[PDB]
Amino acid sequence: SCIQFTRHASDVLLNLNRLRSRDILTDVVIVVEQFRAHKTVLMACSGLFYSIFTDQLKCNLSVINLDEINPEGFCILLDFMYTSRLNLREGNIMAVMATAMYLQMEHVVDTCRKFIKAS
Amino acid sequence: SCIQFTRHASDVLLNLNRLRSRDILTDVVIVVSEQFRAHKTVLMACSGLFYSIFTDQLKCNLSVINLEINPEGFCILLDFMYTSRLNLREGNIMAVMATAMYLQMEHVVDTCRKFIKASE
């Protein structure tokens with residue numbers, strides 16, 4: 001019985017992005033500058049954040065210090081995680097690609113290769 | 001400056017489902033009549049009821065929200081919230097439609113009705 005709401009996955013994500021704007025139930029700050037977010041959204045999108053939050057040995061912490069990753073490159077990936085929309089310019093594209101491979105977003109890393117080899 | 005990944009809302013939802021499926025980072029027990037583990041964030045994104053509940057300071061930051069509602073009808077809607085699939089059947093359709101209203105979910109309600117008046 002598959003009455004698929006192909007809009008409902010994206011409704012959910014837009015609604016998660018509003019909660020972040022409204023600051024409703026953010027349970028983490030990532031420092032790179034300060035970026036507030038939901039651990040669950042980070043986890044679903046990013047192999048490393050998922051790799052961090054699932055480690056039963058590590059402390060569960062409301063603050064996560066990223067090691068010099070581009071803050072610009074992280075703000076663009078963050079907004080992607082919440083909007084599905086990847087902003088790339090020539091002036092930031094290198095910033096963005098880097099942070100992906102570290103964040104382990106394997107489909108986001110391929111997307112930067114194509115836009116860089118372009119033009 | 002606007003490259004949207006059209007399978008990405010959907011990958012986010014299935015990864016959120018697997019978290020729920022592994023009981024990872026879930027922060028609320030919904031006690032329906034049975035228990036249901038889920039994440040506040042997702043309930044609030046799908047439900048105006050759960051939205052009102054979790055933005056109330058008097059009932060923040062409660063771990064347990066006891067809702068009488070049917071469990072099976074809740075279970076199928078909880079499935080829907082995390083999977084975008086609505087699993088309807090003559091035997092639950094009345095149960096889902098009802099839970100649906102009480103949750104203020106109207107898009108699936110419409111769907112139950114039309115399933116009801118499609119067979120009969």
Side-chain angles (χ1 to χ4, degrees), chain A residues 1-20 22-28 37-47 49-50 53-54 56 60 76 79-93 96 105-108 110-112 114-115, chain B residues 1-20 22-28 38-48 50-51 54-55 60-61 76 79-93 96 105 107-108 110-112 114-115 118:
Chain A
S1 318
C2 271
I3 300 158
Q4 209 134 315
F5 288 59
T6 78
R7 204 206 170 193
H8 167 262
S10 89
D11 275 63
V12 171
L13 203 62
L14 173 59
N15 290 341
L16 287 182
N17 192 23
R18 296 171 183 180
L19 305 178
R20 175 170 69 105
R22 300 175 161 184
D23 199 35
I24 307 160
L25 318 178
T26 37
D27 51 3
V28 84
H38 307 284
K39 286 192 185 178
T40 40
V41 168
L42 307 185
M43 289 190 56
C45 305
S46 180
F49 284 131
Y50 176 95
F53 295 130
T54 57
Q56 309 302 332
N60 302 8
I76 295 162
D79 295 356
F80 159 75
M81 306 182 210
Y82 277 92
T83 63
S84 274
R85 300 194 170 283
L86 207 69
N87 208 311
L88 302 174
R89 305 168 237 120
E90 205 78 307
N92 66 12
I93 183 151
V96 178
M105 303 172 193
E106 296 310 337
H107 283 125
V108 161
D110 296 321
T111 316
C112 300
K114 289 161 183 52
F115 203 100
Chain B
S1 71
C2 191
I3 309 180
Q4 64 161 356
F5 287 58
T6 203
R7 207 178 154 185
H8 172 245
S10 178
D11 285 324
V12 150
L13 200 53
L14 136 155
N15 279 347
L16 294 166
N17 189 37
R18 266 180 276 199
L19 302 200
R20 193 179 60 104
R22 296 177 194 164
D23 193 42
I24 292 157
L25 272 189
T26 71
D27 42 20
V28 75
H39 319 280
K40 281 180 183 166
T41 50
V42 179
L43 307 168
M44 299 164 97
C46 298
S47 163
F50 280 122
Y51 187 83
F54 301 123
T55 78
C60 254
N61 311 124
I76 303 172
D79 268 5
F80 176 74
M81 288 182 169
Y82 284 72
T83 65
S84 285
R85 282 152 184 98
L86 199 72
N87 292 275
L88 292 177
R89 289 186 292 98
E90 293 116 338
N92 63 45
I93 185 159
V96 189
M105 294 159 75
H107 298 105
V108 154
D110 297 13
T111 304
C112 300
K114 310 224 213 41
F115 192 103

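Chain naming here is simple, since letters A, B, ... match the order of the sequence lines and numbering starts at 1 in each. FYI, side chains are in, hydrogens and waters are out, and symmetry mates aren't considered; it's all heavy atoms of this structure.
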ask   = Does the side chain of A:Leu25 reach to within under 4.5 Å of the side chain of B:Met44, using non-hydrogen atoms?
value = yes
query = Side-chain contact, heavy-atom cut-off 4.5 Å: B:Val12 with A:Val41?
reply = no
ask   = At what distance, to the nearest 0.5 angstrom, does OG of B:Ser1 lie from CZ of A:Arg85?
value = 10.0 Å
ask   = Relative to chain B, which segment of A:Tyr50 carries a heavy atom at a distance below 4.5 Å: side chain, backbone, both, or neither?
value = side chain
Per-residue contact mode, A:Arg22 against chain B (heavy atom under 4.5 angstrom) = side chain
key: When A:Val108, A:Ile3, A:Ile76 are compared by non-hydrogen pairs under 4.5 Å with chain B, the top option   = A:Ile3
ask   = With B:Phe54, which residues qualify under ring-ring contact (aromatic ring centres under 6.0 Å, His included), at least two apart?
value = B:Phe50
message = With rounding to the nearest 0.5 angstrom, report the CE to NE2 distance, B:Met81 to A:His8.
response = 7.5 Å
For A:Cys112, side chain to side chain contact (heavy atoms under 4.5 Å, CB included) partners two or more places apart = A:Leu88, A:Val96, A:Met97
inquiry  = side chain to side chain contact (heavy atoms under 4.5 Å, CB included) for A:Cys45 and B:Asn15? Distances and angles first, verdict last.
reply    = CA-CA 8 Å; A:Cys45 305; B:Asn15 279 347; over 6 Å; no
message = Under 4.5 Å from any heavy atom of chain B, what part of A:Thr111 do you find: side chain, backbone, both or neither?
response = side chain
query = Most heavy-atom pairs under 4.5 angstrom with chain A, which of B:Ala45, B:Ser84, B:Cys2, B:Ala9?
reply = B:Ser84
inquiry  = Surrounding CG of B:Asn61 (heavy atoms of other residues, nucleotides or ligands, distance under 6.0 Å), is the total greater than 12?
reply    = no
key: Ring geometry between A:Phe5 and B:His107 (parallel below 30°, tilted from 30 to 60°, perpendicular above 60°)   = perpendicular
request  = Check each atom of A:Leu13 against the heavy atoms of chain B and say whether the ones under 4.5 Å are side chain, backbone, both or neither.
outcome  = side chain
key: Toward chain A, the part of B:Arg89 with a non-hydrogen atom under 4.5 Å   = side chain
remark   = Which of A:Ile24, A:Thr26, A:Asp27, A:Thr40 passes side chain to side chain contact (heavy atoms under 4.5 Å, CB included) with B:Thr41? Answer is A:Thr40
